[PDB]
Amino acid sequence: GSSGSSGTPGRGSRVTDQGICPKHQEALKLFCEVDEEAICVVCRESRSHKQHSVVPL
Ligand SMILES: [Zn+2]
Ligand SMILES: [Zn+2]
C-alpha cells in the first residue's frame, strides 16, 4: 500500500489579503463579511459595501 505523501512546504507566515484595492487603490484594512472579499476604507464607505457588515482585517 503506497501513498502520495509528497508535497512542498508553504513559507510566508504573513497575510496577503490586505494589499491594495484595484478600484480606489487604498490600503486594504477591512473585509466585507457579506461578500467575503478584502476591501479598503473607500469601499466600506461606498454604498457598495456600506450596508454590508465590514470588519477590520
Ligand atoms: Zn476600494
Ligand atoms: Zn460587500
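Don't overthink the numbers, they just go from 1 along the chain as shown.
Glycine too: its Cβ is placed from the backbone N, Cα and C atoms.
What Swiss-Prot says about this one:
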- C21, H24, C43, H49: Zn(2+) binding site (BINDING)
- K50: SUMO2 cross-link (CROSSLNK)
- 16-57: zinc finger (ZN_FING)
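Listed features, source the PDB entry:
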- 1-7: expression tag (SEQADV)
Suppose we screen the recorded positions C21, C43, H49, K50 by Cβ distance to ligand 2 with a cut-off under 6 Å; which survive, in sequence order?
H49
Euclidean distance between Cα atoms of the residue listed as 'SUMO2 cross-link' and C21 (Zn(2+) binding site), Å:
16
What does DSSP give as the helix, strand and coil breakdown of the expression tag (1-7)?
0 helix, 0 strand, 7 coil
Rounded to a whole angstrom, what is the C-alpha distance between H24 (Zn(2+) binding site) and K50 (SUMO2 cross-link)?
15
Determine the Cβ neighbour count for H49 (Zn(2+) binding site): the number of other Cβ atoms within 10 Å of its Cβ.
21
Which numbers of helix, strand and coil residues does DSSP report for the zinc finger (16-57)?
9 helix, 10 strand, 23 coil
Relative to ligand 1, which of the recorded positions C21, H49, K50 have a Cβ found under 6 Å from one of its atoms?
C21
Among the recorded positions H24, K50, which residue has the largest number of other Cβ atoms within 10 Å of its own Cβ?
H24
Which are the residues of the chain, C21, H24, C43, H49 excluded, whose CB is within 8 A of where the CB atoms of the Zn(2+) site average out, their centroid?
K23, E26, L28, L30, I39, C40, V41, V42, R44, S46, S48
Between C43 (Zn(2+) binding site) and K50 (SUMO2 cross-link), find the distance joining the two CA atoms and give it rounded to the nearest Å.
8
